[PDB]
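*Asks:* This is the structure I have questions about; it appears just below.
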Amino acid sequence: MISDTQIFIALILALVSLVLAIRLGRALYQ
Amino acid sequence: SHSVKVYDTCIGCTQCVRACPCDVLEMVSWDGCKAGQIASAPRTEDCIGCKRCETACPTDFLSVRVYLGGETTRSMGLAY
Amino acid sequence: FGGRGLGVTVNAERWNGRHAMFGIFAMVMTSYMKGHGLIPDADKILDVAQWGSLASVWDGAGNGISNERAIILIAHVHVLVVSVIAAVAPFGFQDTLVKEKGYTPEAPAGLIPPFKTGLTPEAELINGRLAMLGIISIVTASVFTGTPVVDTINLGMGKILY
Amino acid sequence: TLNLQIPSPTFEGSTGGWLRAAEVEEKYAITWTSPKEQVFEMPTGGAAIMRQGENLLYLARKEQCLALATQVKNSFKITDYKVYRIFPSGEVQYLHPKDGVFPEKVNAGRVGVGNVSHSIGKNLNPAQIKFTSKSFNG
Amino acid sequence: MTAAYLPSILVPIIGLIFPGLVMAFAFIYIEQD
Amino acid sequence: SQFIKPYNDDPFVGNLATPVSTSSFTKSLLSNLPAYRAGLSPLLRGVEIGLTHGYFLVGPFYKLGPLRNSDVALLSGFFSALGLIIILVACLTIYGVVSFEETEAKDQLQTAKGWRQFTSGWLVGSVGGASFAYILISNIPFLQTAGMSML
Ligand code: CLA
Ligand code: CLA
Ligand code: CLA
Ligand code: CLA
Ligand SMILES: CC1=CCCC(C)(C)[C@H]1/C=C/C(C)=C/C=C/C(C)=C/C=C/C=C(C)/C=C/C=C(C)/C=C/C1=C(C)CCCC1(C)C
Ligand SMILES: CC1=CCCC(C)(C)[C@H]1/C=C/C(C)=C/C=C/C(C)=C/C=C/C=C(C)/C=C/C=C(C)/C=C/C1=C(C)CCCC1(C)C
Ligand SMILES: CC1=CCCC(C)(C)[C@H]1/C=C/C(C)=C/C=C/C(C)=C/C=C/C=C(C)/C=C/C=C(C)/C=C/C1=C(C)CCCC1(C)C
Ligand code: SF4
Ligand code: SF4
């Protein structure tokens, strides 16, 4: 099964995707 | 504010000015029709957009035209 | 946002440093009491029939939050209520969380502020940055080894706590 | 000019009158002269009795004032009415009739605003004026 | 469930704190001049 | 003998002077409420209003909440009332942020500094009143059963 560390890695990748999504939203907003 | 245009098919019957509840239109001198007058819209900041002038116009497809645009306090008919 | 002291400002760095010094203190004192057995009924599973559906965690055995975790959370709830009241109704002398639009930003201290020992803002900022860096280091040492955070603190302090 | 000291028609008051935006954004005034004391319907709901002589009334909207003007024109043969706009700063802007002559009658000096020199079927399609600040009229 | 504390931590946060801050900041943004 | 008159001697404003709206009792009660009473700072208006509303906020949560038949009913009700108080304080904060421009005037409610003082007072009063209600229900068995303890 999945461990705690794997879920934490997925959360870190999702936070990176959040930062990239915020940057794309700021770029689209001019 | 709404935009009101008067096209040169106007026959100067003065019905649109009499139908206006907000005093937006008025009759000015002109040479394009037998009546010698054409409608004009100098006061479109008071235009609510009710299109009573368009209902009043007797020329086949209308000579006076109201284009609804940006809404203001006057154009929204707000007493508040 | 940035005009009120929020974001990357010196005020926000100072506030997070203060909260991080308090976090280092709270983790050390939690480790000390948890090693020494000062939490009453630490393995007691809270029952849904008393505390409602918020006590459900859905683990494999007991299906309830432990009493120790609830005590730690309530201890944090106390200082969160203190936090809310201080954020909305600060003391007249106290440093405020949000600043007025026409405020004067504190100058950035650079690599290191001037070495003013005592109850000076420079020493406060130095230990605040130190505490944030220590929290980062403790988290990384905890997640790269599998050692629990209380146990990681006890190992890094040489088994002084327990 | 608007004489602020003109007496008002006798009204018992109503809930239909002007709101805070009249004293904050803009307010409207209508004056008229009656040959006798007579009962008229308020444009905000209710009956008031206008006095013999001059009458000044305050409204929230221009359309309410012009509705009252049309009512007294077709029911009491009163055509001397004047409608003004009043701001909170106290500047009074005369509105109706703008040049003293009613807008349905031609008066010299009036210039045409918004007149188009072709029929409405000669307006442009949007595809000529997309990505361009040219008007659809030409 | 491995890491069973995470639903009980995140569901109240995502369902009450995230929409409250989003509505507050969006309100501040759309009503400011 | 007419009891209903035009408001403020203006017949064309959108209000009427009625016995319910403009009698001596109504004017005295409104002028003696903390929101209108003269000589009060906005902070003390907030303190009184928050004390009253936060004090009465405890009751429905304690008596009708999902934990009402448990031994921790009062604690849960007070905590729920405190959460509602925090939500309303956030509402006050965003209202004051979006409603007022930053002015020197701070002795009126409808100013930025005055509304911030009013919000601070309302929070402190609400916490104090909720805690007082918690103390009173905790320490008086009459309030715990809402009067069935007499039977
Ligand atoms: C590194 C530790 C440290 C230092 C040097 C300071 C220093 C300062 N803080 Mg501070 N603070 C700290 C930790 C620290 N704080 C922590 C951990 C918290 C969170 C609980 C706070 C929360 C806090 C608030 C909310 C406020 C301050 C404020 C202040 C300033 C005014 C003095 C005051 O009222 O003290 C307040 C001090 C505390 C609340 C706790 C600190 C207690 C220290 C660590 C005791 C150390 C004594 C020790 C024996 C050394 C003695 C040296 C000797 C020469 C006397 C001052 C620059 C105020 C400010 O900036 O106003 C403009 C203010 O409003 N602090
Ligand atoms: C769009 C995809 C999606 C959806 C609908 C859900 C739905 C749910 N997740 Mg989940 N999750 C996702 C992706 C998603 N997940 C991913 C990619 C991860 C890995 C990081 C997780 C990790 C995760 C955990 C660890 C937990 C949940 C939980 C939950 C439940 C409660 C909501 C919550 O707390 O969210 C929390 C979710 C996050 C903090 C991660 C953010 C989700 C992704 C990364 C963002 C997707 C946004 C989308 C593309 C854009 C939307 C725009 C607009 C419509 C708002 C709910 C069933 C909780 C649960 O089990 O409750 C029963 C819980 O504890 N999720
Ligand atoms: C997905 C979002 C979400 C979540 C996580 C919850 C969670 C909960 N709801 Mg619920 N609710 C929701 C959406 C949600 N609701 C919606 C959309 C509605 C409208 C139909 C309701 C209507 C509703 C009612 C009518 C009731 C609940 C109740 C409850 C609680 C269950 C009983 C219990 O044991 O608590 C015991 C209660 C507590 C422990 C009090 C919690 C107080 C919190 C922690 C304070 C936090 C305040 C605030 C979030 C701080 C940040 C402010 C910021 C957002 C601006 C539980 C906390 C019941 C309850 O007990 O509430 C009093 C209840 O009566 N809910
Ligand atoms: C209006 C319809 C209605 C009513 C009366 C109730 C009533 C109740 N619900 Mg329910 N509910 C409803 C609709 C309703 N529900 C809907 C539509 C949903 C979503 C589908 C829910 C979902 C829901 C959940 C999930 C839960 C409840 C719960 C509750 C109980 C406690 C709620 C609570 O804490 O209130 C708090 C109330 C207040 C803080 C204030 C009440 C209003 C005051 C009394 C008004 C006073 C006005 C006053 C006279 C003015 C005087 C001014 C001046 C003259 C002095 C209670 C029996 C909880 C429970 O235990 O279930 C039984 C629970 O967990 N409800
Ligand atoms: C819709 C539209 C809006 C505008 C933009 C747009 C692009 C045009 C589009 C948005 C779109 C889509 C793309 C938006 C979807 C977006 C993203 C993916 C949302 C993900 C959020 C993840 C949460 C915050 C974090 C978990 C990490 C936490 C902080 C970690 C803890 C960590 C773990 C425990 C391990 C230890 C270390 C620490 C660090 C402690
Ligand atoms: C609030 C509370 C109320 C009353 C009681 C009280 C005690 C007065 C108070 C508590 C208060 C506060 C004051 C207590 C909080 C206190 C202090 C600030 C604790 C600081 C800890 C920092 C340590 C863990 C780390 C250093 C990081 C190491 C790993 C590494 C650095 C290295 C690594 C490899 C990474 C690269 C950098 C280099 C340098 C090369
Ligand atoms: C009944 C009557 C019949 C029918 C008609 C009617 C008129 C509608 C009706 C009237 C009805 C309604 C309107 C009744 C009116 C009701 C309101 C709800 C009464 C509120 C009282 C609050 C008092 C007890 C407390 C203050 C808290 C004390 C000072 C604090 C101690 C705290 C302070 C901060 C200091 C620290 C310690 C702590 C404990 C934290
Ligand atoms: S739409 Fe109404 S207000 Fe506007 S000009 Fe036509 S009749 Fe007058
Ligand atoms: S109603 Fe039509 S035809 Fe008559 S004057 Fe007005 S625009 Fe011309």
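All residue names refer to the structure tokens as shown: chains lettered A, B, ... in order, residues numbered from 1 in each chain, ligands numbered from 1 in order.
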Please identify all protein, DNA and RNA residues within 6 Å of ligand 8, counting only C-alpha atoms and all ligand atoms, and report them as a ChimeraX atom specification.
*Replies:* /B:19-22,24-25,47-53,66
*Asks:* List all protein, DNA and RNA residues that have an atom no more than 9 Å from any atom of ligand 9, counting only C-alpha atoms and all ligand atoms, and report them as a PyMOL selection string.
*Replies:* (chain B and resi 5-19+25-27+37-40+53-59+62-65) or (chain D and resi 104)
*Asks:* Residues contacting ligand 6 - anything with an atom at most 12 Å away, using only C-alpha atoms and all ligand atoms - can you give me those as a ChimeraX atom specification?
*Replies:* /C:16-29,79,118-119,123-142,152-157
*Asks:* With N, CA and C atoms retained, write the just-selected residues as a short mmCIF file (atom, residue, chain, number, x, y, z; two decimals), in the first residue's frame.
*Replies:*
data_model
loop_
_atom_site.label_atom_id
_atom_site.label_comp_id
_atom_site.auth_asym_id
_atom_site.auth_seq_id
_atom_site.Cartn_x
_atom_site.Cartn_y
_atom_site.Cartn_z
N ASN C 16 6.52 35.79 11.54
CA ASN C 16 6.74 34.36 11.38
C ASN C 16 7.94 33.88 12.20
N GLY C 17 8.94 34.74 12.41
CA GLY C 17 10.03 34.39 13.30
C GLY C 17 9.61 34.28 14.75
N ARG C 18 8.75 35.20 15.21
CA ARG C 18 8.19 35.12 16.56
C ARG C 18 7.39 33.84 16.76
N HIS C 19 6.53 33.53 15.78
CA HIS C 19 5.72 32.32 15.84
C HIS C 19 6.59 31.07 15.75
N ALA C 20 7.72 31.15 15.05
CA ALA C 20 8.63 30.02 14.94
C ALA C 20 9.45 29.79 16.20
N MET C 21 9.84 30.86 16.91
CA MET C 21 10.46 30.69 18.22
C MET C 21 9.48 30.03 19.19
N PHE C 22 8.23 30.49 19.19
CA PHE C 22 7.20 29.85 20.00
C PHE C 22 6.96 28.41 19.58
N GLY C 23 7.07 28.12 18.28
CA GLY C 23 6.91 26.75 17.81
C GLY C 23 8.03 25.84 18.26
N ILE C 24 9.27 26.35 18.27
CA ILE C 24 10.40 25.57 18.80
C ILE C 24 10.20 25.28 20.28
N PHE C 25 9.76 26.30 21.04
CA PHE C 25 9.48 26.09 22.46
C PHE C 25 8.37 25.06 22.67
N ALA C 26 7.29 25.15 21.88
CA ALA C 26 6.17 24.24 22.06
C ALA C 26 6.52 22.81 21.66
N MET C 27 7.34 22.64 20.62
CA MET C 27 7.75 21.29 20.24
C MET C 27 8.68 20.67 21.28
N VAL C 28 9.61 21.46 21.82
CA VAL C 28 10.52 20.94 22.85
C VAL C 28 9.75 20.57 24.11
N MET C 29 8.81 21.42 24.54
CA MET C 29 8.07 21.14 25.76
C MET C 29 7.09 19.97 25.57
N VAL C 79 -4.14 29.46 22.02
CA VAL C 79 -3.31 30.52 21.46
C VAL C 79 -3.84 30.98 20.10
N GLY C 118 20.40 41.79 23.83
CA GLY C 118 19.32 42.10 24.74
C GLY C 118 17.96 42.04 24.07
N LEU C 119 17.01 42.75 24.68
CA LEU C 119 15.63 42.81 24.18
C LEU C 119 15.48 43.91 23.13
N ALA C 123 18.11 41.23 17.83
CA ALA C 123 18.24 39.90 18.45
C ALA C 123 16.99 39.06 18.24
N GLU C 124 15.82 39.71 18.29
CA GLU C 124 14.55 39.05 18.02
C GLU C 124 14.52 38.51 16.60
N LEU C 125 14.98 39.31 15.63
CA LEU C 125 14.99 38.86 14.24
C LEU C 125 16.02 37.75 14.02
N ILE C 126 17.18 37.85 14.68
CA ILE C 126 18.23 36.83 14.53
C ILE C 126 17.75 35.47 15.03
N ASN C 127 17.21 35.41 16.26
CA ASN C 127 16.62 34.14 16.70
C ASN C 127 15.35 33.76 15.94
N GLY C 128 14.60 34.70 15.38
CA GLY C 128 13.45 34.31 14.58
C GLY C 128 13.83 33.62 13.29
N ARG C 129 14.80 34.19 12.56
CA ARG C 129 15.35 33.53 11.38
C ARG C 129 16.01 32.20 11.74
N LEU C 130 16.71 32.16 12.88
CA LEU C 130 17.32 30.92 13.35
C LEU C 130 16.27 29.86 13.65
N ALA C 131 15.15 30.26 14.25
CA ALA C 131 14.09 29.31 14.59
C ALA C 131 13.38 28.80 13.34
N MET C 132 13.15 29.67 12.35
CA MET C 132 12.58 29.20 11.09
C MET C 132 13.52 28.22 10.38
N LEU C 133 14.82 28.52 10.36
CA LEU C 133 15.79 27.60 9.76
C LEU C 133 15.87 26.29 10.53
N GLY C 134 15.76 26.36 11.86
CA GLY C 134 15.76 25.15 12.66
C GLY C 134 14.53 24.29 12.44
N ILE C 135 13.37 24.93 12.24
CA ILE C 135 12.15 24.19 11.93
C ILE C 135 12.27 23.50 10.58
N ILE C 136 12.81 24.20 9.58
CA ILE C 136 13.09 23.58 8.27
C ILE C 136 14.01 22.37 8.43
N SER C 137 15.10 22.53 9.20
CA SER C 137 16.06 21.45 9.37
C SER C 137 15.47 20.27 10.13
N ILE C 138 14.65 20.55 11.15
CA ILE C 138 14.01 19.49 11.92
C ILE C 138 13.01 18.72 11.07
N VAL C 139 12.23 19.43 10.24
CA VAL C 139 11.27 18.78 9.35
C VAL C 139 11.99 17.89 8.34
N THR C 140 13.07 18.41 7.73
CA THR C 140 13.82 17.62 6.75
C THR C 140 14.49 16.41 7.39
N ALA C 141 15.07 16.57 8.59
CA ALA C 141 15.65 15.42 9.28
C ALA C 141 14.59 14.42 9.74
N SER C 142 13.36 14.88 9.96
CA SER C 142 12.30 13.96 10.35
C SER C 142 11.77 13.16 9.16
N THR C 152 13.18 13.02 17.04
CA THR C 152 14.25 13.73 16.34
C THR C 152 14.79 14.88 17.20
N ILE C 153 13.90 15.60 17.88
CA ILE C 153 14.30 16.66 18.79
C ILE C 153 15.08 16.09 19.97
N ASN C 154 14.64 14.94 20.49
CA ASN C 154 15.34 14.31 21.61
C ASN C 154 16.73 13.81 21.20
N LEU C 155 16.86 13.29 19.97
CA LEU C 155 18.17 12.84 19.51
C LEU C 155 19.11 14.02 19.25
N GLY C 156 18.60 15.08 18.62
CA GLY C 156 19.42 16.26 18.39
C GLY C 156 19.82 17.00 19.64
N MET C 157 19.06 16.85 20.73
CA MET C 157 19.42 17.41 22.02
C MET C 157 20.14 16.42 22.92
#
*Asks:* Any chance you could list, as a ChimeraX atom specification, the residues in chain B that come up strand (DSSP E or B) when DSSP is run on the backbone?
*Replies:* /B:3-7,26-29,37-40,64-67
*Asks:* Show me which residues are within 9 Å of ligand 4 counting only C-alpha atoms and all ligand atoms, and format the list as a ChimeraX atom specification.
*Replies:* /F:56-68,77,80-81,84
*Asks:* The selected residues should be written to file as a JSON list (two decimals), in the first residue's frame (atoms: N, CA and C atoms).
*Replies:*
[["chain", "number", "residue", "atom", "x", "y", "z"],
["F", 56, "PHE", "N", -25.98, 36.42, 24.31],
["F", 56, "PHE", "CA", -27.16, 35.64, 23.94],
["F", 56, "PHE", "C", -26.86, 34.57, 22.89],
["F", 57, "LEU", "N", -25.70, 34.64, 22.22],
["F", 57, "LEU", "CA", -25.35, 33.64, 21.21],
["F", 57, "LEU", "C", -25.11, 32.23, 21.76],
["F", 58, "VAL", "N", -24.81, 32.10, 23.06],
["F", 58, "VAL", "CA", -24.45, 30.80, 23.62],
["F", 58, "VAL", "C", -25.65, 29.86, 23.65],
["F", 59, "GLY", "N", -26.83, 30.40, 23.97],
["F", 59, "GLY", "CA", -28.02, 29.63, 24.28],
["F", 59, "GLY", "C", -28.53, 28.62, 23.26],
["F", 60, "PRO", "N", -28.83, 29.06, 22.03],
["F", 60, "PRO", "CA", -29.30, 28.10, 21.00],
["F", 60, "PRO", "C", -28.30, 27.01, 20.67],
["F", 61, "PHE", "N", -27.00, 27.33, 20.64],
["F", 61, "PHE", "CA", -25.99, 26.32, 20.35],
["F", 61, "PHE", "C", -25.91, 25.27, 21.45],
["F", 62, "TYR", "N", -26.03, 25.70, 22.71],
["F", 62, "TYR", "CA", -26.03, 24.75, 23.82],
["F", 62, "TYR", "C", -27.30, 23.90, 23.82],
["F", 63, "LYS", "N", -28.46, 24.51, 23.59],
["F", 63, "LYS", "CA", -29.71, 23.80, 23.80],
["F", 63, "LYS", "C", -30.14, 22.95, 22.60],
["F", 64, "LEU", "N", -29.72, 23.29, 21.39],
["F", 64, "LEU", "CA", -30.22, 22.59, 20.21],
["F", 64, "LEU", "C", -29.14, 21.95, 19.34],
["F", 65, "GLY", "N", -27.87, 22.05, 19.72],
["F", 65, "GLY", "CA", -26.80, 21.53, 18.90],
["F", 65, "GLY", "C", -26.74, 20.02, 18.86],
["F", 66, "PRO", "N", -25.90, 19.46, 17.98],
["F", 66, "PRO", "CA", -25.79, 17.99, 17.89],
["F", 66, "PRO", "C", -25.22, 17.32, 19.13],
["F", 67, "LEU", "N", -24.52, 18.06, 19.99],
["F", 67, "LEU", "CA", -23.96, 17.52, 21.22],
["F", 67, "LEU", "C", -24.80, 17.87, 22.45],
["F", 68, "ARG", "N", -26.07, 18.25, 22.25],
["F", 68, "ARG", "CA", -26.90, 18.74, 23.35],
["F", 68, "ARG", "C", -27.25, 17.66, 24.37],
["F", 77, "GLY", "N", -21.29, 24.24, 22.73],
["F", 77, "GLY", "CA", -22.08, 25.41, 22.38],
["F", 77, "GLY", "C", -21.30, 26.71, 22.49],
["F", 80, "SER", "N", -18.85, 26.79, 19.52],
["F", 80, "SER", "CA", -19.58, 27.15, 18.30],
["F", 80, "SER", "C", -19.95, 28.63, 18.28],
["F", 81, "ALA", "N", -20.37, 29.17, 19.43],
["F", 81, "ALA", "CA", -20.67, 30.60, 19.53],
["F", 81, "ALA", "C", -19.42, 31.44, 19.28],
["F", 84, "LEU", "N", -18.78, 31.43, 15.53],
["F", 84, "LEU", "CA", -19.69, 32.40, 14.91],
["F", 84, "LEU", "C", -19.24, 33.83, 15.16]]
*Asks:* For a quick check of understanding, using only C-alpha atoms and all ligand atoms, which of C:91, C:144, C:51, C:58 has the smallest distance to ligand 3?
*Replies:*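 The answer is C:51, which sits nearest to ligand 3.
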*Asks:* Using only C-alpha atoms and all ligand atoms, find each protein or nucleic acid residue lying at most 8 Å from ligand 2; present the set as a list in words.
*Replies:*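 Counting only C-alpha atoms and all ligand atoms, the residues within 8 Å of ligand 2 come out as residues 7, 8, 9, 10, 11, 12, 13, 14, 15, 17 and 18 of chain A; 4, 5, 6, 7, 8, 9, 10, 11, 12, 13, 14 and 15 of chain E.
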*Asks:* Could you pull the residues within 8 Å of segment 34-46 of chain D, counting only C-alpha atoms, minus those fewer than 5 positions along the same chain, as a ChimeraX atom specification?
*Replies:* /D:14,16-17,51-55,64-65,67-68,72,78
*Asks:* Restricting it to N, CA, C and O atoms, dump the selection as an mmCIF file, in the first residue's frame.
*Replies:*
data_model
loop_
_atom_site.group_PDB
_atom_site.id
_atom_site.type_symbol
_atom_site.label_atom_id
_atom_site.label_comp_id
_atom_site.auth_asym_id
_atom_site.auth_seq_id
_atom_site.Cartn_x
_atom_site.Cartn_y
_atom_site.Cartn_z
ATOM 1 N N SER D 14 -45.643 60.411 2.340
ATOM 2 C CA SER D 14 -45.759 59.030 1.893
ATOM 3 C C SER D 14 -44.401 58.356 2.010
ATOM 4 O O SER D 14 -43.369 59.007 2.191
ATOM 5 N N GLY D 16 -43.175 56.693 -0.501
ATOM 6 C CA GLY D 16 -42.680 56.637 -1.860
ATOM 7 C C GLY D 16 -41.707 57.721 -2.256
ATOM 8 O O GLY D 16 -41.256 57.738 -3.406
ATOM 9 N N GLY D 17 -41.358 58.622 -1.346
ATOM 10 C CA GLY D 17 -40.537 59.763 -1.687
ATOM 11 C C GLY D 17 -39.073 59.400 -1.887
ATOM 12 O O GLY D 17 -38.681 58.237 -1.991
ATOM 13 N N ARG D 51 -51.563 74.287 -4.445
ATOM 14 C CA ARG D 51 -52.070 75.611 -4.126
ATOM 15 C C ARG D 51 -52.220 76.463 -5.385
ATOM 16 O O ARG D 51 -51.640 76.180 -6.437
ATOM 17 N N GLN D 52 -53.023 77.518 -5.262
ATOM 18 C CA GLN D 52 -53.118 78.524 -6.312
ATOM 19 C C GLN D 52 -51.833 79.344 -6.361
ATOM 20 O O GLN D 52 -51.370 79.850 -5.334
ATOM 21 N N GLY D 53 -51.257 79.475 -7.554
ATOM 22 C CA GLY D 53 -49.973 80.135 -7.695
ATOM 23 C C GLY D 53 -48.842 79.158 -7.944
ATOM 24 O O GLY D 53 -49.048 78.147 -8.618
ATOM 25 N N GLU D 54 -47.651 79.434 -7.419
ATOM 26 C CA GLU D 54 -46.492 78.622 -7.758
ATOM 27 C C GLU D 54 -46.345 77.436 -6.809
ATOM 28 O O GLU D 54 -46.670 77.512 -5.622
ATOM 29 N N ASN D 55 -45.849 76.331 -7.364
ATOM 30 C CA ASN D 55 -45.657 75.067 -6.669
ATOM 31 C C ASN D 55 -44.273 74.526 -6.995
ATOM 32 O O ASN D 55 -43.902 74.447 -8.174
ATOM 33 N N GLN D 64 -39.955 60.847 -13.074
ATOM 34 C CA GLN D 64 -41.071 61.154 -12.182
ATOM 35 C C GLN D 64 -41.545 62.594 -12.369
ATOM 36 O O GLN D 64 -42.756 62.858 -12.432
ATOM 37 N N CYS D 65 -40.597 63.533 -12.481
ATOM 38 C CA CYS D 65 -40.935 64.932 -12.730
ATOM 39 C C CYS D 65 -41.628 65.109 -14.075
ATOM 40 O O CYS D 65 -42.621 65.839 -14.178
ATOM 41 N N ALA D 67 -43.281 62.799 -15.748
ATOM 42 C CA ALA D 67 -44.595 62.175 -15.634
ATOM 43 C C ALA D 67 -45.593 63.111 -14.966
ATOM 44 O O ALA D 67 -46.745 63.213 -15.407
ATOM 45 N N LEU D 68 -45.168 63.798 -13.897
ATOM 46 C CA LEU D 68 -46.027 64.805 -13.276
ATOM 47 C C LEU D 68 -46.332 65.950 -14.236
ATOM 48 O O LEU D 68 -47.456 66.468 -14.262
ATOM 49 N N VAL D 72 -50.095 67.013 -15.356
ATOM 50 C CA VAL D 72 -50.691 68.336 -15.195
ATOM 51 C C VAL D 72 -50.927 69.016 -16.538
ATOM 52 O O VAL D 72 -51.825 69.857 -16.645
ATOM 53 N N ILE D 78 -51.592 72.921 -17.792
ATOM 54 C CA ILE D 78 -50.463 73.680 -17.264
ATOM 55 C C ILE D 78 -49.236 73.325 -18.094
ATOM 56 O O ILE D 78 -48.808 72.165 -18.113
#
